[PDB]
Amino acid sequence: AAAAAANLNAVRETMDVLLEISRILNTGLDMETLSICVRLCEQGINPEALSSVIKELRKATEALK
Amino acid sequence: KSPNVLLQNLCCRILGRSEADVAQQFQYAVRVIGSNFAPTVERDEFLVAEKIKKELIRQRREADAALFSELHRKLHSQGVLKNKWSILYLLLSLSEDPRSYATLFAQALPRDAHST
Amino acid sequence: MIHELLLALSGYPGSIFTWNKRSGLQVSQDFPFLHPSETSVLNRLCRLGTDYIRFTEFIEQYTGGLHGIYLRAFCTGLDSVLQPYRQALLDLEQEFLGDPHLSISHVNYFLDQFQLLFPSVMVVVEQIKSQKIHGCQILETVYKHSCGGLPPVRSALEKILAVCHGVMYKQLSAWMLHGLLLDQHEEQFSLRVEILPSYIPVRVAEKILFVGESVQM
Amino acid sequence: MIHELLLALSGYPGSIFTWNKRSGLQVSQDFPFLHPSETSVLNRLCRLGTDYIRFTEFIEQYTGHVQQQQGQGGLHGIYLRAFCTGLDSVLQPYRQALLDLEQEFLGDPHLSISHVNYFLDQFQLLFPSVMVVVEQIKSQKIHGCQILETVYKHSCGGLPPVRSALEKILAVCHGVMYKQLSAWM
Amino acid sequence: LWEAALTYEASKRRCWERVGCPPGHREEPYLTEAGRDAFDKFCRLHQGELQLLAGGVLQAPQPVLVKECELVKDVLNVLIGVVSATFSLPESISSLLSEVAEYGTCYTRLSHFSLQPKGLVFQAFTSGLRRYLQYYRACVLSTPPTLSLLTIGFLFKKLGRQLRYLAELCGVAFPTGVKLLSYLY
Amino acid sequence: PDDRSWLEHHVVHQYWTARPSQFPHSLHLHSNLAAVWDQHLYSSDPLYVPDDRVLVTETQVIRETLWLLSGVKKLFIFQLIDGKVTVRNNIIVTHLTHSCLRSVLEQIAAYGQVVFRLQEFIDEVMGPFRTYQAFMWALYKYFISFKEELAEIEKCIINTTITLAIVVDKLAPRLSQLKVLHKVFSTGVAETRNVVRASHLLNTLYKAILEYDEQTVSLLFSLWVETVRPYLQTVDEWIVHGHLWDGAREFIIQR
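Chains as they are written, first to last, in the authors' numbering: chain b, 11 to 75; chain a, 7 to 105, 113 to 129; chain I, 1 to 63, 79 to 202, 256 to 285; chain K, 1 to 69, 76 to 191; chain L, 282 to 370, 390 to 417, 425 to 479, 494 to 506; chain J, 210 to 336, 357 to 388, 391 to 422, 427 to 448, 455 to 496.
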């Protein structure tokens, strides 16, 4: 398809916009992680439920470092 | 897709544990994500951006707030996402300073004075 | 539209904007899709492009009363000052390729620093024409106005002043080492007193001549 | 259009380039898909192949058609064969350039003809200069040692490629007279 | 899958008239900038146009196909002395073939002319020619690793003419005895 | 269509041949300028008379201009009509609506005349003085270095975004050096005697190097040496051989 390619182009644009938004909101994610989060709230899930998970998981990897 | 299998990918992205190695944190993750899957606060992709703009004026980086208005406009220009409130609310929740009070600045609707 | 505008501000006249020798780039087309106030906006914008057009013509001839290698050095400094105005014209096209929603103001905004630079050097350019300066007093008439009052017009004229010093670093190397003058147009011979800038003293200027003459013997 | 120019220019011309002895090479030139843009580049390139064919034809015509034997020096003689001998060795870098282009076309054939004209531009000047030098020898029926002078006035030249190219061939023609001198003296 | 595909390398082949974010649509090369496939197709078209304008009494036997390397092996077999499937003892290809082919058809016309090991000095003289036939047989199968087609034409030009010189010495009766012994002197 | 379709794919086939343009780009005024200018005209009631032009796209123009500038003549625009090239007046692009197009292309035409003239002068060498022959040689040596950069820009058109102001700006430092040759050749065609025609040419370059006594000066230097090359040879011959030989004296002192 052709419009599916330009749609995919626009999804790269949106994930780069979200990458700018993440880097000046200065989160611990990289690109590939926030992609997985975008999958999570594309299907519909709580950001307040994901945030507590990411907030202890980033603290449970400095606990045995 | 399935939301349950996607949860372990986050646990292997954050911690370096392998997928058959991390089953404790994903067990806890089923506890927090499960039965907290439906929204408890009203959806607002507009208000979350208007509260980041409030923060950006409060830090007196007013040129970056007008940069964020452009980023919000590009977000609206593409329009591929289904829920744009959730990822921005998620980025706001996990915030840290790049480098006071918010009890007098407004929160959002409780869905009890709104619809349950 | 946004290439037609971006050449009309350049040396090209435009077919929406009407060039005229009294003053050009005059909006004279009425459109239903542009708000009626837009023309007024346009007029202030046009105040930029005029100067650039006139500037290019003055640069086109050079680079008696008005001649000399100094006029091929002043005009080169005038090239140098328009150089980031050139680059910041290509960048706008690059932006407009991606974004279709950008307003006219962003142009007006981004090149508002040359709406102070361009008119205030035009008076220097006319002053160099009305008074038939081609000599060494060109450093003088830069040097009084290089003090400036606004920071962009303070750096632009520094760029122009450096080259005119650089020529007198060639004349005084033929002179004080080989004993040679008249490798260029003027301004036993000696220095003409009337063409000296005041911030170079008369005593040092005497010493220069004595050094140059003693070499020849 | 890429390979075919090599096949024409190599001296084994096709039917696109119908060789005449009064126009040289000429493209077929009757298409609603041929433009003036290709035309001028083609016409510039046609001269070089016509010159190469005339050169090789001259060399073949005067070398390898008798053992060593008219007594007319414009049609026969050792000095002329020595001239042809020098000419082919001068013709070698043209062939090297053609093969060099061919390898890159096998690598990627989407390269433009303008680059070919750009490469072949250096021989575009050299070939017409040496053309008149061989043409005079054939035209005036010049006998013997006078042939040595005819190149020689043209080998005090003012262009490095032309002068250097004729000079080696004049050395060949020197050598044959030296060999006869090694007998008579 | 959709975000595994997301990681595309964004468009730069983007026209000025197109603001709707094109992924590209291929700049559309020059007329000559297709000449490895469009050339062959145009060759086919040009021949068929000639066939229509003649009536169809020409009827090409496919002088294109085969491509390059197989023919290099075929002409290498002609250098052994065994002829091609085209000869007995694009369409531009015929010219390139004929020039190198006539050398091999003369190589065979030398080898059958040297079948003797009457005339003693003529026999020794004949073995002297076989010693060159072995040289021509020795240069092939060492120098080529299957090079390009044009290298064969250029490289065997400086050498094939030298072979063709030697056919003029031979008949292809002939002086023998004291007559040959003085003629060769 | 077996030939037409294969052509349509990889080659352009719509403006150097009689065919209307079929390429829906992106419409909407910033590149729809031709049609919106037409509609604005008709709403202002000219009164009418439609103009027939082909409406060629943009990048083609860049291709044509490059091929013209590199040295070859005879293209589909800028056909000479009197010995001065003239753009085809039935050519319009989807933006700049045939009036500004003619302005930028007339500025390009002004540079193209010099190259066309010098190319023609070299063409007449292919068709004893030998100083003119020594002149065209240095001109030629400049021209190969010129054509290199022109071809380099053509290589990147096969790959990128293509508009006028980029490639013009890339060719700014070559159109600058080009202006000097219009004045040195003007005194090289300002001439009667074979010695005055060489000396009047030669003295211009010495005066122009003493003017700046950069990049123009390296040009003038490389042209200076390649034009004083005959004189070094003739004076060297006269010194070492003790006689002045010259076919048709180009030498200032008569024996």
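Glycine included, each C-beta is placed from N, C-alpha and C at the ideal position.
Cβ-Cβ distance between residue i and residue j below 9 Å
i: a/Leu94; j: b/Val48; result: no
i: residue 424 of chain L; j: L/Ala401; result: In the model shown, chain L runs from 417 to 425 with nothing in between, leaving residue 424 of chain L without coordinates.
i: I/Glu4; j: J/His304; result: yes
i: I/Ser10; j: I/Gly49; result: yes
i: b/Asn19; j: L/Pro304; result: yes
i: L/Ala285; j: b/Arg22; result: no
i: residue 109 of chain a; j: b/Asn36; result: Missing from the coordinates is residue 109 of chain a; the shown part of chain a jumps over it, going from 105 to 113.
i: J/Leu264; j: J/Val302; result: yes
i: K/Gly92; j: K/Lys147; result: no
i: a/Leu12; j: b/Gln53; result: yes
i: J/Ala403; j: J/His307; result: no
i: J/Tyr320; j: J/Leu412; result: no
i: I/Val283; j: I/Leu192; result: yes
i: J/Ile387; j: J/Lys401; result: no
i: J/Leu461; j: J/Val415; result: yes
i: J/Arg470; j: K/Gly164; result: yes
i: J/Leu436; j: J/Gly419; result: yes
Residue i in three-state terms, based on DSSP
i: residue 73 of chain K; result: Placed between 69 and 76 in the numbering, residue 73 of chain K has no coordinates, as chain K goes from one to the other without interruption by modelled residues.
i: b/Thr37; result: coil
i: L/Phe463; result: coil
i: a/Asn89; result: coil
i: J/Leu289; result: strand
i: K/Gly24; result: strand
i: K/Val139; result: helix
i: J/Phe358; result: coil
i: J/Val294; result: strand
i: L/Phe495; result: coil
i: a/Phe118; result: coil
i: J/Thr418; result: helix
i: K/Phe55; result: helix
i: residue 339 of chain J; result: Missing from the coordinates: residue 339 of chain J, inside the break in chain J from 336 to 357.
i: I/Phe17; result: strand
i: J/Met365; result: helix
i: L/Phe413; result: helix
Residue i: contacting residues in chain a (beta-carbon distance under 7 Å)
i: b/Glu72; result: None at all; the shortest Cβ gap to chain a is about 10 Å.
i: b/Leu67; result: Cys17, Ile20, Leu21 and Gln31
Chain-ordered neighbours of residue i on chain L, where CB pairs are closer than 9 Å
i: b/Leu39; result: Correct list: empty, because the minimum Cβ distance to chain L is about 14 Å.
i: K/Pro167; result: Chain L residues near K/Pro167: none, gap ~21 Å exceeds 9 Å.
i: K/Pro36; result: The contacting residues do not exist; K/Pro36 stays about 12 Å from chain L at best.
i: K/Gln67; result: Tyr472, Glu475 and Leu476
Interface residues of chain J facing residue i [CB-CB closer than 7 Å]
i: K/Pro99; result: The premise fails here: K/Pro99 is roughly 16 Å from chain J at the closest Cβ pair, so nothing lies under 7 Å.
Contact belief for residue i with residue j at Cβ below 8 Å, rounded distance in angstroms
i: J/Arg262; j: J/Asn299; result: 5 Å
i: K/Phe111; j: K/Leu105; result: Their Cβ separation, rounded to whole angstroms, is 11 Å, which puts K/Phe111 and K/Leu105 out of contact at 8 Å.
i: J/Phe372; j: J/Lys282; result: That belief does not hold up - the Cβ atoms of J/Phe372 and J/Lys282 are roughly 14 Å apart, past 8 Å.
i: a/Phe43; j: a/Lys59; result: At roughly 30 Å, the Cβ-Cβ gap does not stay under 8 Å, so a/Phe43 and a/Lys59 are not in contact.
i: I/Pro115; j: J/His239; result: 7 Å
Contact list for residue i against chain I, beta-carbon separation under 7 Å
i: L/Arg295; result: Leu112
Contact list for residue i against chain J, beta-carbon separation under 8 Å
i: I/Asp198; result: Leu445 and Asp448
i: L/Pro310; result: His219, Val220 and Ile387
Within chain b, partners of residue i - CB distance below 7 Å
i: L/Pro304; result: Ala15, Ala16 and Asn19
Partners in chain L for residue i, counting only beta-carbon separations shorter than 7 Å
i: J/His239; result: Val300
Partners in chain K for residue i, counting only beta-carbon separations shorter than 9 Å
i: L/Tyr443; result: Result: empty, since nearest Cβ-Cβ is about 16 Å, beyond 9 Å.
Partners in chain L for residue i, counting only beta-carbon separations shorter than 8 Å
i: residue 77 of chain b; result: Outside the shown range of chain b, which is 11 to 75, sits residue 77 of chain b, and nothing can be said about it.
Segment contact flag, the segment 346 to 364 of chain L with the segment 453 to 462 of chain L, C-beta cutoff 8 Å, min 3 pairs: Enough Cβ pairs lie closer than 8 Å, so yes.
Stretch-stretch touch, CB-based, cutoff 8 Å, three pairs: the segment 78 to 88 of chain K with the segment 170 to 181 of chain K: With contact defined as three or more Cβ pairs closer than 8 Å, the segment 78 to 88 of chain K and the segment 170 to 181 of chain K are in contact.
At least 3 beta-carbon pairs within less than 8 Å: the segment 137 to 148 of chain K vs the segment 336 to 347 of chain L: The segment 137 to 148 of chain K vs the segment 336 to 347 of chain L: no contact.
Three CB pairs or more closer than 8 Å across the segment 57 to 66 of chain K and the segment 16 to 29 of chain K: With the cut-off at 8 Å, the segment 57 to 66 of chain K and the segment 16 to 29 of chain K do not touch.
Stretch pair the segment 479 to 494 of chain J + the segment 395 to 402 of chain J: three plus CB contacts closer than 8 Å: Contact between the segment 479 to 494 of chain J and the segment 395 to 402 of chain J is absent: fewer than three C-beta pairs spanning the two stretches fall below 8 Å.
Segment contact, 8 Å Cβ cut-off, at least three pairs: the segment 397 to 413 of chain L with the segment 469 to 479 of chain L: Output reads yes: the segment 469 to 479 of chain L touches the segment 397 to 413 of chain L.
At least 3 beta-carbon pairs within less than 8 Å: the segment 146 to 160 of chain K vs the segment 117 to 131 of chain K: Result no; under three Cβ-Cβ pairs closer than 8 Å.
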